[PDB]
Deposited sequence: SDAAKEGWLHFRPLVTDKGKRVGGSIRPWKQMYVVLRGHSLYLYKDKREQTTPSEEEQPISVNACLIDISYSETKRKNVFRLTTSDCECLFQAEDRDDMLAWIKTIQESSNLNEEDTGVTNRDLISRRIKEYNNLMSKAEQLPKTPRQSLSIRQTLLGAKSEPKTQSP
């Protein structure tokens, strides 16, 4: 694993505790650490300011989902964000295309909201 640890999780598109393992660019969520995905090769990832009142939360957005993960502290959140970022194998062109499409969808939703 590139990184693993407990995170509180809830989808946008109640919180439950999940054991999360990032392998390659696949994010695995396990109910039980003892019994071990979301592809993050093409994603947006940022600090959640207003989707939650909780601190230390990152918002993950892909073509298939949008969800919140709460880390133990600021450094843990930052370490998760960075490792997820670093896991993508997409080139500059494909990064630009996927970023464009994910952002444009997000603008549309917030122009509605």
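- Note: segments 1 to 2, 16 to 27, 51 to 58, 136 to 168 of the deposited sequence have no C-alpha coordinates in the structure.
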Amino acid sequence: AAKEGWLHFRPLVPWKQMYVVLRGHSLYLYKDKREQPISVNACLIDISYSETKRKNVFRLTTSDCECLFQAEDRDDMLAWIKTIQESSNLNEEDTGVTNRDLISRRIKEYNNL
From here on, numbers count along this sequence of modelled residues.
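- Higher mean CA temperature factor, per the PDB entry, when comparing 4 to 12 with 103 to 111: 103 to 111.
- Look at the C-alpha B-factors of 27 to 35 and of 70 to 78. On average they run higher in 27 to 35.
- When the C-alpha B factors of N56, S63, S50, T83 are read from the deposited coordinates, the top value falls at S63.
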